[PDB]
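Student: Below: one structure in structure tokens.
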Amino acid sequence: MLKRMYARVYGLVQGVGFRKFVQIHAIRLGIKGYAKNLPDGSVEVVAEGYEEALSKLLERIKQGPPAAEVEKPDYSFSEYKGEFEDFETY
């Protein structure tokens with residue numbers, strides 16, 4: 001029932017509050033990991049927690065904050081590691 005979620009978020013997702021939005025919803029949902037700006041203009045998200053909570057975070061990711069214009073995210077689930085102690089942005 002624990003998983004690691006990888007997600008790559010595409011669209012107008014930088015300069016729009018996206019990483020802060022992801023962290024805020026992750027904290028509310030008790031999820032650890034990070035959100036990270038990539039050089040191509042997309043955003044990388046790594047999240048660990050209960051599958052149900054990760055699924056709710058993925059839905060928030062698909063919507064994004066008000067100014068974001070999100071295009072279909074790539075994502076995949078893999079094994080929970082417990083390497084993270086909080087949720088950070090970079």
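So you can find residues: chains in the structure tokens are A, B, ... in the order shown, residues in each start at 1, and ligands are numbered from 1 in order.
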Would you give me, as JSON, numbers by chain, the residues in chain A that DSSP reads as strand (DSSP E or B)?
Tutor: {"A": [2, 3, 4, 5, 6, 7, 8, 9, 10, 11, 12, 32, 33, 34, 35, 36, 37, 43, 44, 45, 46, 47, 48, 49, 50, 69, 70, 71, 72, 73, 74, 75, 76, 77, 78, 87, 88, 89]}
Student: Determine which residues of chain A receive a DSSP assignment of alpha helix (DSSP H), computed from the backbone, and state them as a list in words.
Tutor: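 Answer for chain A restricted to alpha helix (DSSP H) is residues 18, 19, 20, 21, 22, 23, 24, 25, 26, 27, 28, 51, 52, 53, 54, 55, 56, 57, 58, 59, 60, 61, 62 and 63 of chain A.
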Student: Just write the chosen residues, N, CA, C and O atoms, as an mmCIF file, in the first residue's frame.
Tutor:
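Okay, out_32.cif is ready:
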data_model
loop_
_atom_site.group_PDB
_atom_site.id
_atom_site.type_symbol
_atom_site.label_atom_id
_atom_site.label_comp_id
_atom_site.auth_asym_id
_atom_site.auth_seq_id
_atom_site.Cartn_x
_atom_site.Cartn_y
_atom_site.Cartn_z
ATOM 1 N N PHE A 18 4.187 26.461 -9.374
ATOM 2 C CA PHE A 18 3.923 25.008 -9.422
ATOM 3 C C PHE A 18 4.605 24.191 -8.350
ATOM 4 O O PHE A 18 3.997 23.284 -7.791
ATOM 5 N N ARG A 19 5.881 24.458 -8.102
ATOM 6 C CA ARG A 19 6.622 23.679 -7.111
ATOM 7 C C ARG A 19 6.048 23.950 -5.707
ATOM 8 O O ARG A 19 5.896 23.024 -4.890
ATOM 9 N N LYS A 20 5.713 25.207 -5.429
ATOM 10 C CA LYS A 20 5.128 25.555 -4.117
ATOM 11 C C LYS A 20 3.770 24.868 -3.909
ATOM 12 O O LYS A 20 3.496 24.348 -2.830
ATOM 13 N N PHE A 21 2.939 24.906 -4.945
ATOM 14 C CA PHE A 21 1.651 24.212 -5.002
ATOM 15 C C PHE A 21 1.797 22.701 -4.712
ATOM 16 O O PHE A 21 0.997 22.112 -3.975
ATOM 17 N N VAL A 22 2.820 22.079 -5.278
ATOM 18 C CA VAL A 22 2.983 20.620 -5.125
ATOM 19 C C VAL A 22 3.402 20.303 -3.695
ATOM 20 O O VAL A 22 2.892 19.362 -3.091
ATOM 21 N N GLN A 23 4.327 21.102 -3.168
ATOM 22 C CA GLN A 23 4.826 20.941 -1.812
ATOM 23 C C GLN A 23 3.691 21.127 -0.798
ATOM 24 O O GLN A 23 3.519 20.294 0.087
ATOM 25 N N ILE A 24 2.907 22.191 -0.955
ATOM 26 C CA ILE A 24 1.782 22.464 -0.074
ATOM 27 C C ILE A 24 0.779 21.317 -0.032
ATOM 28 O O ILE A 24 0.358 20.914 1.063
ATOM 29 N N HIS A 25 0.411 20.783 -1.202
ATOM 30 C CA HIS A 25 -0.522 19.652 -1.245
ATOM 31 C C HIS A 25 0.099 18.339 -0.742
ATOM 32 O O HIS A 25 -0.598 17.506 -0.153
ATOM 33 N N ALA A 26 1.406 18.171 -0.960
ATOM 34 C CA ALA A 26 2.144 17.018 -0.450
ATOM 35 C C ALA A 26 2.174 17.025 1.087
ATOM 36 O O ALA A 26 1.966 15.993 1.730
ATOM 37 N N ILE A 27 2.471 18.187 1.662
ATOM 38 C CA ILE A 27 2.488 18.346 3.107
ATOM 39 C C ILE A 27 1.102 18.038 3.687
ATOM 40 O O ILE A 27 0.993 17.290 4.656
ATOM 41 N N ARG A 28 0.049 18.595 3.093
ATOM 42 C CA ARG A 28 -1.317 18.324 3.568
ATOM 43 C C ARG A 28 -1.640 16.837 3.515
ATOM 44 O O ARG A 28 -2.416 16.335 4.325
ATOM 45 N N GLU A 51 -0.543 4.833 -1.503
ATOM 46 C CA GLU A 51 -1.043 4.879 -2.888
ATOM 47 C C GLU A 51 -2.244 5.816 -3.054
ATOM 48 O O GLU A 51 -2.339 6.523 -4.055
ATOM 49 N N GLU A 52 -3.155 5.798 -2.082
ATOM 50 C CA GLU A 52 -4.352 6.647 -2.103
ATOM 51 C C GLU A 52 -3.987 8.131 -2.045
ATOM 52 O O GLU A 52 -4.572 8.938 -2.765
ATOM 53 N N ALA A 53 -3.036 8.485 -1.187
ATOM 54 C CA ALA A 53 -2.565 9.869 -1.071
ATOM 55 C C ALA A 53 -1.799 10.326 -2.324
ATOM 56 O O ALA A 53 -1.976 11.450 -2.788
ATOM 57 N N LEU A 54 -0.957 9.451 -2.868
ATOM 58 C CA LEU A 54 -0.234 9.736 -4.111
ATOM 59 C C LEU A 54 -1.184 9.981 -5.277
ATOM 60 O O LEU A 54 -0.930 10.835 -6.134
ATOM 61 N N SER A 55 -2.272 9.216 -5.307
ATOM 62 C CA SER A 55 -3.293 9.352 -6.343
ATOM 63 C C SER A 55 -4.004 10.705 -6.279
ATOM 64 O O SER A 55 -4.362 11.276 -7.313
ATOM 65 N N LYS A 56 -4.229 11.200 -5.066
ATOM 66 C CA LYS A 56 -4.804 12.536 -4.870
ATOM 67 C C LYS A 56 -3.827 13.650 -5.251
ATOM 68 O O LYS A 56 -4.237 14.707 -5.741
ATOM 69 N N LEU A 57 -2.540 13.425 -5.004
ATOM 70 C CA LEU A 57 -1.504 14.390 -5.393
ATOM 71 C C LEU A 57 -1.386 14.431 -6.915
ATOM 72 O O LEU A 57 -1.210 15.496 -7.490
ATOM 73 N N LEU A 58 -1.496 13.273 -7.563
ATOM 74 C CA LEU A 58 -1.407 13.225 -9.029
ATOM 75 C C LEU A 58 -2.538 14.007 -9.687
ATOM 76 O O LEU A 58 -2.313 14.672 -10.696
ATOM 77 N N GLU A 59 -3.740 13.927 -9.109
ATOM 78 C CA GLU A 59 -4.892 14.733 -9.558
ATOM 79 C C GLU A 59 -4.666 16.238 -9.408
ATOM 80 O O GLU A 59 -5.052 17.025 -10.290
ATOM 81 N N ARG A 60 -4.093 16.640 -8.272
ATOM 82 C CA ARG A 60 -3.697 18.040 -8.071
ATOM 83 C C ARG A 60 -2.647 18.431 -9.106
ATOM 84 O O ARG A 60 -2.757 19.494 -9.710
ATOM 85 N N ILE A 61 -1.650 17.566 -9.321
ATOM 86 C CA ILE A 61 -0.624 17.823 -10.347
ATOM 87 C C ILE A 61 -1.252 18.066 -11.732
ATOM 88 O O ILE A 61 -0.875 19.020 -12.424
ATOM 89 N N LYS A 62 -2.229 17.245 -12.113
ATOM 90 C CA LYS A 62 -2.889 17.403 -13.416
ATOM 91 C C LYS A 62 -3.606 18.744 -13.575
ATOM 92 O O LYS A 62 -3.745 19.239 -14.685
ATOM 93 N N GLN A 63 -4.060 19.319 -12.469
ATOM 94 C CA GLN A 63 -4.744 20.602 -12.499
ATOM 95 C C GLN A 63 -3.739 21.747 -12.416
ATOM 96 O O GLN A 63 -3.782 22.664 -13.214
#
Student: Pick out the residues sitting within 9 Å of segment 34-36 of chain A, and hand them over as an NGL selection string; count only C-alpha atoms, and ignore anything fewer than 2 positions along from it in its own chain.
Tutor: :A and (18-20 or 22-23 or 32 or 38 or 42-47 or 84 or 86-90)
Student: Suppose we keep N, CA, C and O atoms; can you now write the selection as a PDB file, in the first residue's frame?
Tutor:
ATOM      1  N   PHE A  18       4.187  26.461  -9.374  1.00  0.00           N
ATOM      2  CA  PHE A  18       3.923  25.008  -9.422  1.00  0.00           C
ATOM      3  C   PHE A  18       4.605  24.191  -8.350  1.00  0.00           C
ATOM      4  O   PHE A  18       3.997  23.284  -7.791  1.00  0.00           O
ATOM      5  N   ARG A  19       5.881  24.458  -8.102  1.00  0.00           N
ATOM      6  CA  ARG A  19       6.622  23.679  -7.111  1.00  0.00           C
ATOM      7  C   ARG A  19       6.048  23.950  -5.707  1.00  0.00           C
ATOM      8  O   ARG A  19       5.896  23.024  -4.890  1.00  0.00           O
ATOM      9  N   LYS A  20       5.713  25.207  -5.429  1.00  0.00           N
ATOM     10  CA  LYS A  20       5.128  25.555  -4.117  1.00  0.00           C
ATOM     11  C   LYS A  20       3.770  24.868  -3.909  1.00  0.00           C
ATOM     12  O   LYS A  20       3.496  24.348  -2.830  1.00  0.00           O
ATOM     13  N   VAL A  22       2.820  22.079  -5.278  1.00  0.00           N
ATOM     14  CA  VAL A  22       2.983  20.620  -5.125  1.00  0.00           C
ATOM     15  C   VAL A  22       3.402  20.303  -3.695  1.00  0.00           C
ATOM     16  O   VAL A  22       2.892  19.362  -3.091  1.00  0.00           O
ATOM     17  N   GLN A  23       4.327  21.102  -3.168  1.00  0.00           N
ATOM     18  CA  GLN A  23       4.826  20.941  -1.812  1.00  0.00           C
ATOM     19  C   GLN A  23       3.691  21.127  -0.798  1.00  0.00           C
ATOM     20  O   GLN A  23       3.519  20.294   0.087  1.00  0.00           O
ATOM     21  N   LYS A  32       6.176  12.610   1.202  1.00  0.00           N
ATOM     22  CA  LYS A  32       7.570  13.083   1.206  1.00  0.00           C
ATOM     23  C   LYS A  32       8.163  12.983  -0.205  1.00  0.00           C
ATOM     24  O   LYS A  32       7.637  12.264  -1.058  1.00  0.00           O
ATOM     25  N   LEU A  38      13.247  21.245 -14.362  1.00  0.00           N
ATOM     26  CA  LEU A  38      14.181  20.648 -15.333  1.00  0.00           C
ATOM     27  C   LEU A  38      14.526  21.681 -16.396  1.00  0.00           C
ATOM     28  O   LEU A  38      13.732  22.575 -16.644  1.00  0.00           O
ATOM     29  N   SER A  42      10.056  21.667 -18.201  1.00  0.00           N
ATOM     30  CA  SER A  42       9.113  20.812 -17.496  1.00  0.00           C
ATOM     31  C   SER A  42       9.504  20.741 -16.012  1.00  0.00           C
ATOM     32  O   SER A  42      10.489  21.367 -15.582  1.00  0.00           O
ATOM     33  N   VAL A  43       8.707  20.003 -15.237  1.00  0.00           N
ATOM     34  CA  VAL A  43       8.967  19.799 -13.821  1.00  0.00           C
ATOM     35  C   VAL A  43       8.999  18.298 -13.481  1.00  0.00           C
ATOM     36  O   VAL A  43       8.176  17.519 -13.978  1.00  0.00           O
ATOM     37  N   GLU A  44       9.955  17.908 -12.635  1.00  0.00           N
ATOM     38  CA  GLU A  44      10.057  16.543 -12.113  1.00  0.00           C
ATOM     39  C   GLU A  44       9.522  16.462 -10.671  1.00  0.00           C
ATOM     40  O   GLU A  44       9.846  17.310  -9.840  1.00  0.00           O
ATOM     41  N   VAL A  45       8.717  15.435 -10.397  1.00  0.00           N
ATOM     42  CA  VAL A  45       8.169  15.175  -9.072  1.00  0.00           C
ATOM     43  C   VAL A  45       8.461  13.729  -8.648  1.00  0.00           C
ATOM     44  O   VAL A  45       8.168  12.795  -9.394  1.00  0.00           O
ATOM     45  N   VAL A  46       9.044  13.562  -7.461  1.00  0.00           N
ATOM     46  CA  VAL A  46       9.199  12.254  -6.837  1.00  0.00           C
ATOM     47  C   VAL A  46       8.478  12.247  -5.490  1.00  0.00           C
ATOM     48  O   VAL A  46       8.779  13.045  -4.616  1.00  0.00           O
ATOM     49  N   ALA A  47       7.529  11.333  -5.325  1.00  0.00           N
ATOM     50  CA  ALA A  47       6.668  11.330  -4.148  1.00  0.00           C
ATOM     51  C   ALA A  47       6.565   9.935  -3.554  1.00  0.00           C
ATOM     52  O   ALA A  47       6.366   8.968  -4.282  1.00  0.00           O
ATOM     53  N   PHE A  84      13.277   9.722   1.884  1.00  0.00           N
ATOM     54  CA  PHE A  84      12.946  11.123   2.145  1.00  0.00           C
ATOM     55  C   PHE A  84      12.346  11.334   3.535  1.00  0.00           C
ATOM     56  O   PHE A  84      11.617  10.482   4.045  1.00  0.00           O
ATOM     57  N   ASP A  86      11.119  14.742   4.280  1.00  0.00           N
ATOM     58  CA  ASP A  86      10.137  15.796   4.039  1.00  0.00           C
ATOM     59  C   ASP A  86       9.900  15.986   2.538  1.00  0.00           C
ATOM     60  O   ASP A  86      10.308  15.150   1.741  1.00  0.00           O
ATOM     61  N   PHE A  87       9.229  17.074   2.172  1.00  0.00           N
ATOM     62  CA  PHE A  87       9.030  17.435   0.779  1.00  0.00           C
ATOM     63  C   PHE A  87       9.726  18.759   0.431  1.00  0.00           C
ATOM     64  O   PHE A  87       9.393  19.813   0.986  1.00  0.00           O
ATOM     65  N   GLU A  88      10.677  18.690  -0.504  1.00  0.00           N
ATOM     66  CA  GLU A  88      11.554  19.813  -0.816  1.00  0.00           C
ATOM     67  C   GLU A  88      11.353  20.255  -2.256  1.00  0.00           C
ATOM     68  O   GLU A  88      10.812  19.493  -3.047  1.00  0.00           O
ATOM     69  N   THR A  89      11.748  21.497  -2.581  1.00  0.00           N
ATOM     70  CA  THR A  89      11.725  21.981  -3.958  1.00  0.00           C
ATOM     71  C   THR A  89      13.113  22.425  -4.397  1.00  0.00           C
ATOM     72  O   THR A  89      13.915  22.838  -3.564  1.00  0.00           O
ATOM     73  N   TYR A  90      13.384  22.338  -5.703  1.00  0.00           N
ATOM     74  CA  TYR A  90      14.689  22.697  -6.280  1.00  0.00           C
ATOM     75  C   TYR A  90      14.545  23.316  -7.669  1.00  0.00           C
ATOM     76  O   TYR A  90      13.547  23.148  -8.400  1.00  0.00           O
TER      77      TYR A  90
END
Student: List the neighbours of residue 70 of chain A out to 8 Å using only C-alpha atoms; skip same-chain residues closer than 5 positions along the sequence, and give me the result as a list in words.
Tutor: residues 9, 10, 11, 12, 13, 62, 63 and 64 of chain A
Student: For the selection just defined, write its residues with N, CA, C and O atoms to a file, as a PDB file, in the first residue's frame.
Tutor:
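Result written to out.pdb:
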ATOM      1  N   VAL A   9       5.895  16.591 -15.361  1.00  0.00           N
ATOM      2  CA  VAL A   9       4.788  17.501 -15.670  1.00  0.00           C
ATOM      3  C   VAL A   9       5.158  18.472 -16.790  1.00  0.00           C
ATOM      4  O   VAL A   9       6.146  19.191 -16.700  1.00  0.00           O
ATOM      5  N   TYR A  10       4.328  18.492 -17.828  1.00  0.00           N
ATOM      6  CA  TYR A  10       4.592  19.252 -19.039  1.00  0.00           C
ATOM      7  C   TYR A  10       3.612  20.390 -19.159  1.00  0.00           C
ATOM      8  O   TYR A  10       2.514  20.324 -18.582  1.00  0.00           O
ATOM      9  N   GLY A  11       3.998  21.404 -19.930  1.00  0.00           N
ATOM     10  CA  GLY A  11       3.132  22.545 -20.228  1.00  0.00           C
ATOM     11  C   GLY A  11       3.767  23.851 -19.782  1.00  0.00           C
ATOM     12  O   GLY A  11       4.992  23.966 -19.773  1.00  0.00           O
ATOM     13  N   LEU A  12       2.933  24.836 -19.444  1.00  0.00           N
ATOM     14  CA  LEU A  12       3.417  26.079 -18.832  1.00  0.00           C
ATOM     15  C   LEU A  12       3.436  25.843 -17.320  1.00  0.00           C
ATOM     16  O   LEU A  12       2.467  26.119 -16.621  1.00  0.00           O
ATOM     17  N   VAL A  13       4.546  25.303 -16.834  1.00  0.00           N
ATOM     18  CA  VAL A  13       4.646  24.833 -15.457  1.00  0.00           C
ATOM     19  C   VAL A  13       5.784  25.476 -14.641  1.00  0.00           C
ATOM     20  O   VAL A  13       5.931  25.156 -13.471  1.00  0.00           O
ATOM     21  N   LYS A  62      -2.229  17.245 -12.113  1.00  0.00           N
ATOM     22  CA  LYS A  62      -2.889  17.403 -13.416  1.00  0.00           C
ATOM     23  C   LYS A  62      -3.606  18.744 -13.575  1.00  0.00           C
ATOM     24  O   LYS A  62      -3.745  19.239 -14.685  1.00  0.00           O
ATOM     25  N   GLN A  63      -4.060  19.319 -12.469  1.00  0.00           N
ATOM     26  CA  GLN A  63      -4.744  20.602 -12.499  1.00  0.00           C
ATOM     27  C   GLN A  63      -3.739  21.747 -12.416  1.00  0.00           C
ATOM     28  O   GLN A  63      -3.782  22.664 -13.214  1.00  0.00           O
ATOM     29  N   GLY A  64      -2.827  21.666 -11.451  1.00  0.00           N
ATOM     30  CA  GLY A  64      -1.826  22.693 -11.228  1.00  0.00           C
ATOM     31  C   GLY A  64      -2.418  23.930 -10.569  1.00  0.00           C
ATOM     32  O   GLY A  64      -3.619  24.013 -10.367  1.00  0.00           O
TER      33      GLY A  64
END
Student: Looking at only C-alpha atoms, which of A:15, A:31, A:5, A:41 is the one that sits closest to residue 66 of chain A?
Tutor: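 So, comparing all the options, the nearest one is A:15.
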Student: Under the rule that only C-alpha atoms are counted, which of A:65, A:80, A:72, A:85 is the nearest residue to residue 7 of chain A?
Tutor: A:72
Student: For the atom pair atom CA of residue 73 of chain A and atom CA of residue 29 of chain A, what is the interatomic distance in Å to one decimal place?
Tutor: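 Pair atom CA of residue 73 of chain A / atom CA of residue 29 of chain A returns 19.8 Å.
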Student: What is the distance between atom CA of residue 16 of chain A and atom CA of residue 75 of chain A, in Å to one decimal?
Tutor: 21.0 Å
